[PDB]
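Taking it in order: structure first as structure tokens, then the write-up.
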Amino acid sequence: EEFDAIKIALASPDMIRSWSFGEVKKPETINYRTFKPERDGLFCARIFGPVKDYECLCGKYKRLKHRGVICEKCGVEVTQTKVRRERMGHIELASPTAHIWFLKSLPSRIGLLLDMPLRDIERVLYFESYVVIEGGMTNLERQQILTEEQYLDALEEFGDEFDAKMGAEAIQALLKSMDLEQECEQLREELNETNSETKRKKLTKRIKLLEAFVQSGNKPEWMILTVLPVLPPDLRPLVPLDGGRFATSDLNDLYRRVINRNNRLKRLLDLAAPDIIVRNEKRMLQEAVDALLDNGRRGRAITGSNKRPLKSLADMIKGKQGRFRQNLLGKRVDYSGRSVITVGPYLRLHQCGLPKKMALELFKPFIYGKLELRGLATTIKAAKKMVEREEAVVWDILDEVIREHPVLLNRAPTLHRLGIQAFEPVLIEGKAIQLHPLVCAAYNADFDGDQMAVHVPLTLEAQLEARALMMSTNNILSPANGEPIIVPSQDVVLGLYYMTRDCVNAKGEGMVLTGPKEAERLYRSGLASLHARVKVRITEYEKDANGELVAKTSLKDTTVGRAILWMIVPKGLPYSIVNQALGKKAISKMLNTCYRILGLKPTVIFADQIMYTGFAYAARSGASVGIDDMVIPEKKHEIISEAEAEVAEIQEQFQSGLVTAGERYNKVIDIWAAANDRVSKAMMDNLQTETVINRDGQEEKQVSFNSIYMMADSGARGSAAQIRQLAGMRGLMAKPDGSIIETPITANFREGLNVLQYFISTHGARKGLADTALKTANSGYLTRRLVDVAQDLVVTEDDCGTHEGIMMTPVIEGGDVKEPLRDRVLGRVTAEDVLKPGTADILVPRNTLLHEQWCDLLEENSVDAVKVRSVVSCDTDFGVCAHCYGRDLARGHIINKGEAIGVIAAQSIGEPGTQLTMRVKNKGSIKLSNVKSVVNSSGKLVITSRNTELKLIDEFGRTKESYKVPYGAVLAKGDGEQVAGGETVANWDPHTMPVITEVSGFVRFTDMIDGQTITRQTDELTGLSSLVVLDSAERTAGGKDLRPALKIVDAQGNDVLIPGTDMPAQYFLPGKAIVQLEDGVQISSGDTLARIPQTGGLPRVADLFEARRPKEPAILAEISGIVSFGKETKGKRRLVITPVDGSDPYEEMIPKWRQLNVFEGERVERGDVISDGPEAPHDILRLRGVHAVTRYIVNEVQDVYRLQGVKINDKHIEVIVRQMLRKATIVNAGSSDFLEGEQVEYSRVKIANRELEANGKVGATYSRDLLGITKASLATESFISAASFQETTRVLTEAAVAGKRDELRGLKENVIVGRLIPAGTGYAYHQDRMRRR
Amino acid sequence: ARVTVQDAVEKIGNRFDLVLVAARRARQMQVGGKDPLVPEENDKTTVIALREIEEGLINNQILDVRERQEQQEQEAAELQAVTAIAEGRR
Amino acid sequence: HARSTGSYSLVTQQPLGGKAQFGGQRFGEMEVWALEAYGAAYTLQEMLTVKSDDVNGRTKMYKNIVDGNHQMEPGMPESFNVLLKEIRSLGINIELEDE
DNA sequence: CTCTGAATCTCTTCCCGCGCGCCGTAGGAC
DNA sequence: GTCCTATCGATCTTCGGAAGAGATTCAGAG
Ligand SMILES: [Zn+2]
Ligand SMILES: [Zn+2]
């Protein structure tokens, strides 16, 4: 049936009877000897359908001639047997029964509606106590549960003026008595009666549930099951096994238990069994229904085997093995196979080799499609036989069929889209799949026995889509960043490095070659060496600004290898790229440059030719590796012999008591580290110096042709950290607790490691292996969360028309910059007109894409901050505008309308998740940001600001260094001084926080008493002490309310006033303070009154996206103004923030042990830090704005990848951020029909406010709410996507009671229901449908 | 054979619209097969479609131009039949 | 191993899984995400309706492939209907809608 | 006397394929 | 032997998860 929406709601019992075709009565299915289905059972023929294909069970009719008629020998209706899997039945329970889901969801829906605790409703339902209903003229409330002894009281104290039922009957009577709308009105007016938010929130939840039930056609008693439908039998087959036995079926046994119990209850109720017996039977029946529905939510699951609990309906719905993730989202497909791959170097970039047998077994029908068309076979019957005969003509048919038919290859797992690609197949004799070398990088495919699967696209559109989107040559750029995925392989780069290298003296040196071709001849005639230095006439073509090549020819000083390689580089590049010894880095840009100039078609053939030449000349190289090539520097034995001795000296101090325990350790380890550095440097120097050659006279050194050195230098394999362990020393190691081993592994793998050294190495080896094995799961879970939170977003519009955006600046932290501006802003469109450095002059138009040329133009100027449009700020409803997203990183142009950016971004973020771990510097100009500072006695600039940051701008006018300076620091280099690198810029006390005054004047211990607020310490070191201020915890109110104060005093009654300020120079003391300037002491400006003494990898980002609150929440101040204290710390301290104007009495509780950045009079603003530590993304969004929280998220998730060397385009993160805060909470209901306070989807609230403001009525006011991905994925308005993700047993009830309806918008739902996705070609089809409407 | 499709992508300014147009044309050439506007090389219609696009002689509009016109021809003969039938009854 | 056509499972008509049984490769959720990363919608629709799930469709596809038509009739994945029954077996009335 | 704090309760969750290979109603009454 | 009924309706189902999130209780708290 054609459909356009899916609706979910509660099922009324008469609706269930409408579903059913019969009532199952006998709990029997089939005979244990004959295989006929027993009538009126779980497999009744006349209820669900006949078992035979087109014949009735009774055998009266066996033809289509009697189709649709009803037999009277057995009662079964004869029709297509398939209908047997669609017809349902129903069991009419002898007594009502509560639906387990609605009883025990995350809240209790049945409990919430009646406002009755879940424990008490369960106690009633399981026949433990009575509950009085319609109590009438009795002192018994509306529900007022009462026990049997209490009931025994009411039985005689009152007569029949009260009613107290037990079990589901009482709950059904209560539901049937629910005056829903009147109750909701009364409660929505009672909400205003009290301000108890602790109860107001759950009251809002209750009224929301009541409104959802009122609006929906659902009725309360429908939460209590009365008729239980039975699943169609063909969906729960009782399949036989080897021998005369049938395989056990989980659902069948649960239904059998329910039917038997219910029949027993009916039998008793007919025979008038005593109340105790009928109550026990009813409880057993209720518990049996519980086991049938959601087995496991009971006290204990039932089982019929060695404690293997039986799977229930709810068990089959959800779960990793459930339908959603087992058969709908991912399903096994025909026309597919798998095999072990191997490398075929002869293949082109766009080809792959497949076995003849696999080709025949996948393209079988296509072969038939020729056998009839060729007329060589009569029909399928002979065509299949001929194919079996593997006739030599059939191989010609296969060679014709497979001519231009792509095949899809994908390796498991496939983290990113580059793991699935289309290839043009070629037949191969063997059984392994021939894969291309350059492609193996994309698959992460090591050829050490790696299996890979092939899928055959059948239809025409599938073939075209494969060839146009998934072909190998269409995926040369990585979608995660502007980096080619055809990066040259490990072996090829070795060949190119060997070919283009130059030696001092070599055969055929110094002559003149008339052209590259001749050079090649010389090598192949053996007259010249490949590394010989020679002058060859080179000719190069350069395309003009218009785009036509200009030929220029010249003499060039170069090498024979480079001249040979130049015969492969296309006719558009300068010779300087090949005039250098190429390595895995140097070659890569080369290839990239081709795509920058020539285009895709020249680039692919150039890559293939590079691979061919590299393989050939690497084979000619014969760069073997042997034990003779691992060089131990001779000085190493000395470097050890000295270093150990130094440790001995560090030991001697410990042998003399001249050092502490820890200092000995941290000196020994540092000395060993220095020795290791010396050993490594000597080893590297020896490796490069091992080559010295005679150039016609006198020895001369040069770069080393050592095999290991060429392998390392070319970047193929074995970097410096590898050669250091192979030829230097293994170095230090760490214990499983991470402690540095005092005795390093002073050996290297060329020499033998001893038993203890190997055992030490095993610690780190197993730690790394366990890290990999454990992180491989968290990475995948993060990928799933990302895809299920971002599956909705598609580029569905050209321009949204907005003008906002985000400003991009180079990352300057820890001094020098860590990344340039070009990387951030490349490929985005400008937000507003870009101004020339200076004033009144613009440089780029307001909505122009900043491609490579404009990025170079900006880098030419001194532009550091550029505002560009971002996907988070785009104002497009239920989609994302194309202009914000900007460049498609895999194409280079602007992103097309219809691309699924969400899944691409999720894969881009999640692919490197398996690479993480689960366990002044230069001269410039001084700039001060947020730095309010005062002049001390000496006139130095000492900071009076706590958010002070130090920014340094070089001579060419851009900031290159950034620093943060805490409160109380003295700025030696300030007022825009120019200071050279390494010259101390500022000074600080690294241990304690000092407190300083503004004026110079006398002081007293105002309102302070010895013993009450200060301790008469002695300072045993000298006997003259600095008084220690008593804490709030160490003293009672006699010292807490007597807060220490060091207010500056003068004879005039006031201090020298700052213009416009009336505040006296009042200063105070917090706890743990150490104060020297006692009474009668003159404190000058800038004098320190007193002093107060005092991370991760993958989880650091996983909790960041989930927006988990920090264990140590750095409290940010809100509003603005000047802070204050309230009452002191008892239980936990209380403080108050007083703005200049507005609501002065704003208070907030504060932890005692967290030191405060403000004490009593510090000017404060929204977001001002009161304590150190990580912030809260929720608080940041609430206090500093959407742009601020987006910047925080992007930077704190990029700091994880930058540390590990992974590069991901920042935009790929912002999309996920767009998903986190897709919801908003209403501030004022306004003219909108929205609730007074409610969280509504931001798109809906925005469209409603747009139309409302168009009509001039009061639009709603809202705060965008940052939801972590794990919750926001389940918070969508389409219940199918949420229930397909997790907590299905919860969502399938929350949406059920609400009468939810799905419009099937999004990708996952359309994939589930088997229609075209709203993306790509599917988006094109949907867009055509909507425009033609 | 086609290794790349960049030229056609430059012709039809979208990576997906090219797929759809080529599907239309290759379906035409396959079922009720109209002869292609390009010399064959023992190729499958799929690639032949991607051959025609690069020559710039097939797109949406042209196909629409054909389809509508074809319909008119199929309608025109209808009149010649109907009138003839109306004549033949007399 | 490679499979063209063979055994089909009973409860859901998806092809069997394994080597000792003539089964096909499983198209996991990650592969679906990768296909959605490209604009390939027809590929996904075929892969999850005709090749695997829609019982009526996968025969009509067979005839066309033999006939040389290369056109699919997707219909609706049978497995999905099974899901509905599993939910319709509860106290939940979930149904398709016209508009 | 409850209110609006914490604190202490239960529930949900945990990568993708791929192969082997076994192992798979029970006790009691006519 | 067959075929039956019922399912610790006189035990103790495992202690080598972590966490993260709510939901549910309590506790000074005025
Ligand atoms: Zn019959
Ligand atoms: Zn936009």
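FYI, nothing fancy with the structure tokens labels: chains A, B, ... in order, residues from 1 per chain, ligands from 1 as they appear.
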So which residues are near ligand 1, meaning at most 7 Å away with only C-alpha atoms (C1' of nucleotides) and all ligand atoms counted, given back as a PDB file with N, CA and C atoms, in the first residue's frame?
```pdb
ATOM      1  N   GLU A  55      -3.541 -25.239  -1.346  1.00  0.00           N
ATOM      2  CA  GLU A  55      -4.500 -26.320  -1.009  1.00  0.00           C
ATOM      3  C   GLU A  55      -4.956 -26.167   0.447  1.00  0.00           C
ATOM      4  N   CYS A  56      -6.228 -26.451   0.717  1.00  0.00           N
ATOM      5  CA  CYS A  56      -6.737 -26.426   2.077  1.00  0.00           C
ATOM      6  C   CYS A  56      -6.137 -27.575   2.882  1.00  0.00           C
ATOM      7  N   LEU A  57      -6.193 -27.439   4.207  1.00  0.00           N
ATOM      8  CA  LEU A  57      -5.687 -28.500   5.070  1.00  0.00           C
ATOM      9  C   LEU A  57      -6.498 -29.781   4.900  1.00  0.00           C
ATOM     10  N   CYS A  58      -7.818 -29.652   4.744  1.00  0.00           N
ATOM     11  CA  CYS A  58      -8.685 -30.822   4.646  1.00  0.00           C
ATOM     12  C   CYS A  58      -8.560 -31.540   3.309  1.00  0.00           C
ATOM     13  N   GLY A  59      -7.969 -30.900   2.302  1.00  0.00           N
ATOM     14  CA  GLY A  59      -7.777 -31.543   1.019  1.00  0.00           C
ATOM     15  C   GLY A  59      -8.983 -31.557   0.106  1.00  0.00           C
ATOM     16  N   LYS A  60     -10.059 -30.851   0.459  1.00  0.00           N
ATOM     17  CA  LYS A  60     -11.236 -30.824  -0.401  1.00  0.00           C
ATOM     18  C   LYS A  60     -10.955 -30.125  -1.724  1.00  0.00           C
ATOM     19  N   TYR A  61     -10.034 -29.166  -1.739  1.00  0.00           N
ATOM     20  CA  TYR A  61      -9.743 -28.395  -2.939  1.00  0.00           C
ATOM     21  C   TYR A  61      -8.237 -28.248  -3.092  1.00  0.00           C
ATOM     22  N   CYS A  71     -13.856 -24.202   3.098  1.00  0.00           N
ATOM     23  CA  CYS A  71     -14.139 -25.623   3.218  1.00  0.00           C
ATOM     24  C   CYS A  71     -14.984 -25.892   4.460  1.00  0.00           C
ATOM     25  N   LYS A  73     -14.816 -29.374   5.672  1.00  0.00           N
ATOM     26  CA  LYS A  73     -14.230 -30.562   6.279  1.00  0.00           C
ATOM     27  C   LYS A  73     -13.281 -30.212   7.421  1.00  0.00           C
ATOM     28  N   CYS A  74     -12.583 -29.069   7.333  1.00  0.00           N
ATOM     29  CA  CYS A  74     -11.729 -28.581   8.410  1.00  0.00           C
ATOM     30  C   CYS A  74     -12.039 -27.147   8.833  1.00  0.00           C
ATOM     31  N   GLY A  75     -12.666 -26.342   7.977  1.00  0.00           N
ATOM     32  CA  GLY A  75     -12.951 -24.956   8.294  1.00  0.00           C
ATOM     33  C   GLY A  75     -11.932 -23.968   7.778  1.00  0.00           C
ATOM     34  N   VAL A  76     -10.822 -24.442   7.210  1.00  0.00           N
ATOM     35  CA  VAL A  76      -9.765 -23.560   6.731  1.00  0.00           C
ATOM     36  C   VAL A  76     -10.188 -22.921   5.414  1.00  0.00           C
ATOM     37  N   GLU A  77      -9.804 -21.661   5.223  1.00  0.00           N
ATOM     38  CA  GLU A  77     -10.062 -20.946   3.983  1.00  0.00           C
ATOM     39  C   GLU A  77      -8.882 -21.133   3.041  1.00  0.00           C
ATOM     40  N   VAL A  78      -9.167 -21.492   1.795  1.00  0.00           N
ATOM     41  CA  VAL A  78      -8.122 -21.755   0.812  1.00  0.00           C
ATOM     42  C   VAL A  78      -7.815 -20.468   0.059  1.00  0.00           C
TER      43      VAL A  78
END
```
- Using only C-alpha atoms (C1' of nucleotides), determine which residues lie at most 7 Å from range 47-53 of chain C, disregarding the query and same-chain residues fewer than 2 positions distant; provide the list as a list in words. residues 331, 332, 333, 334 and 1314 of chain A; 13, 14, 15, 43, 44, 45, 55, 57, 58, 74, 76, 77, 78 and 79 of chain C
Convert the current residue selection to file output with N, CA and C atoms, as a tab-separated table (two decimals), in the first residue's frame.
```tsv
chain	number	residue	atom	x	y	z
A	331	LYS	N	21.08	-5.20	6.18
A	331	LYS	CA	20.51	-6.46	5.75
A	331	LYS	C	21.44	-7.14	4.75
A	332	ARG	N	21.47	-8.46	4.79
A	332	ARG	CA	22.28	-9.22	3.86
A	332	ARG	C	21.71	-9.10	2.45
A	333	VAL	N	22.59	-8.97	1.47
A	333	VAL	CA	22.19	-8.67	0.10
A	333	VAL	C	22.67	-9.78	-0.82
A	334	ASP	N	21.84	-10.12	-1.81
A	334	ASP	CA	22.24	-11.04	-2.85
A	334	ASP	C	23.27	-10.38	-3.76
A	1314	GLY	N	12.35	1.71	3.08
A	1314	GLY	CA	12.71	1.29	1.74
A	1314	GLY	C	12.29	2.20	0.61
C	13	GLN	N	12.63	-12.43	4.77
C	13	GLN	CA	13.04	-13.08	3.54
C	13	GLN	C	14.41	-12.64	3.06
C	14	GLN	N	15.23	-12.09	3.95
C	14	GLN	CA	16.59	-11.74	3.59
C	14	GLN	C	17.40	-13.00	3.33
C	15	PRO	N	18.41	-12.93	2.45
C	15	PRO	CA	19.19	-14.12	2.12
C	15	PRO	C	19.96	-14.64	3.33
C	43	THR	N	21.17	3.32	-5.66
C	43	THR	CA	21.98	2.20	-5.22
C	43	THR	C	21.48	1.66	-3.89
C	44	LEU	N	21.24	2.56	-2.93
C	44	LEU	CA	20.74	2.13	-1.63
C	44	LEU	C	19.37	1.49	-1.75
C	45	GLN	N	18.48	2.10	-2.54
C	45	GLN	CA	17.12	1.58	-2.67
C	45	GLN	C	17.15	0.17	-3.23
C	55	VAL	N	10.03	-9.40	-1.65
C	55	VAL	CA	9.91	-10.72	-2.25
C	55	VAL	C	9.36	-10.63	-3.67
C	57	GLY	N	9.38	-7.97	-5.59
C	57	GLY	CA	10.26	-7.18	-6.44
C	57	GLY	C	11.45	-7.97	-6.96
C	58	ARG	N	12.03	-8.83	-6.11
C	58	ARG	CA	13.27	-9.49	-6.51
C	58	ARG	C	13.05	-10.53	-7.60
C	74	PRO	N	10.77	-1.32	-6.62
C	74	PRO	CA	11.19	-1.50	-5.22
C	74	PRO	C	10.11	-2.07	-4.32
C	76	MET	N	8.13	-2.52	-1.12
C	76	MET	CA	8.41	-2.25	0.29
C	76	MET	C	9.15	-3.42	0.91
C	77	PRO	N	10.20	-3.16	1.69
C	77	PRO	CA	10.96	-4.25	2.31
C	77	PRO	C	10.09	-5.06	3.26
C	78	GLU	N	9.96	-6.35	2.96
C	78	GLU	CA	9.08	-7.23	3.73
C	78	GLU	C	9.42	-7.20	5.21
C	79	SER	N	10.72	-7.18	5.54
C	79	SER	CA	11.14	-7.17	6.93
C	79	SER	C	10.45	-6.05	7.71
```
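Taking CA of residue 1171 in chain A and CA of residue 946 in chain A as the two end points, the separation is 10.9 Å.
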- Can you pull out every residue within 6 Å of range 1242-1252 of chain A, counting only C-alpha atoms (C1' of nucleotides), but drop anything in the same chain fewer than 2 positions away, and send it as a count of residues only? 8
- Distance of CA of residue 530 in chain A from CA of residue 702 in chain A, expressed in Å to one decimal place: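 Distance reported for this atom pair: 16.3 Å.
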- strand (DSSP E or B) positions in chain C, given as a VMD selection string: chain C and resid 2 to 3 8 15 26 to 27 92 to 97
Those residues with N, CA, C and O atoms, as a JSON list (two decimals), in the first residue's frame please?
```
[["chain", "number", "residue", "atom", "x", "y", "z"],
["C", 2, "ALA", "N", 30.91, -16.47, -3.41],
["C", 2, "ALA", "CA", 30.05, -15.53, -4.13],
["C", 2, "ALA", "C", 28.68, -16.16, -4.32],
["C", 2, "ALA", "O", 28.57, -17.37, -4.54],
["C", 3, "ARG", "N", 27.64, -15.33, -4.24],
["C", 3, "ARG", "CA", 26.26, -15.80, -4.30],
["C", 3, "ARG", "C", 25.48, -14.97, -5.31],
["C", 3, "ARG", "O", 25.51, -13.74, -5.26],
["C", 8, "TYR", "N", 16.68, -18.37, 1.10],
["C", 8, "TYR", "CA", 16.18, -17.16, 1.73],
["C", 8, "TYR", "C", 15.60, -17.51, 3.09],
["C", 8, "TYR", "O", 14.93, -18.54, 3.24],
["C", 15, "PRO", "N", 18.41, -12.93, 2.45],
["C", 15, "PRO", "CA", 19.19, -14.12, 2.12],
["C", 15, "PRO", "C", 19.96, -14.64, 3.33],
["C", 15, "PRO", "O", 20.30, -13.89, 4.25],
["C", 26, "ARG", "N", 26.77, -9.36, 4.31],
["C", 26, "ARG", "CA", 25.92, -8.45, 5.05],
["C", 26, "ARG", "C", 26.31, -7.01, 4.76],
["C", 26, "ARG", "O", 27.48, -6.64, 4.87],
["C", 27, "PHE", "N", 25.32, -6.20, 4.39],
["C", 27, "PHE", "CA", 25.54, -4.79, 4.10],
["C", 27, "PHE", "C", 25.26, -4.01, 5.38],
["C", 27, "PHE", "O", 24.12, -3.67, 5.69],
["C", 92, "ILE", "N", -0.04, -1.40, 20.83],
["C", 92, "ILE", "CA", 0.31, -0.25, 20.01],
["C", 92, "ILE", "C", -0.32, -0.42, 18.64],
["C", 92, "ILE", "O", -0.18, -1.47, 18.01],
["C", 93, "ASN", "N", -1.03, 0.62, 18.19],
["C", 93, "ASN", "CA", -1.63, 0.65, 16.86],
["C", 93, "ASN", "C", -0.82, 1.62, 16.01],
["C", 93, "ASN", "O", -1.09, 2.82, 15.97],
["C", 94, "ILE", "N", 0.19, 1.09, 15.33],
["C", 94, "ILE", "CA", 1.00, 1.85, 14.39],
["C", 94, "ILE", "C", 0.60, 1.43, 12.98],
["C", 94, "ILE", "O", 0.49, 0.23, 12.69],
["C", 95, "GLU", "N", 0.35, 2.41, 12.12],
["C", 95, "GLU", "CA", -0.16, 2.11, 10.79],
["C", 95, "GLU", "C", 0.34, 3.14, 9.80],
["C", 95, "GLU", "O", 0.73, 4.26, 10.17],
["C", 96, "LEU", "N", 0.33, 2.76, 8.52],
["C", 96, "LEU", "CA", 0.69, 3.68, 7.45],
["C", 96, "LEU", "C", -0.42, 4.71, 7.26],
["C", 96, "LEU", "O", -1.57, 4.52, 7.66],
["C", 97, "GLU", "N", -0.05, 5.82, 6.62],
["C", 97, "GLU", "CA", -0.99, 6.91, 6.37],
["C", 97, "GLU", "C", -0.93, 7.30, 4.90],
["C", 97, "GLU", "O", 0.10, 7.18, 4.25]]
```
- At what distance in Å, to one decimal, does CA of residue 123 in chain A lie from CA of residue 199 in chain A?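 Rounded to one decimal, the two atoms are 24.2 Å apart.
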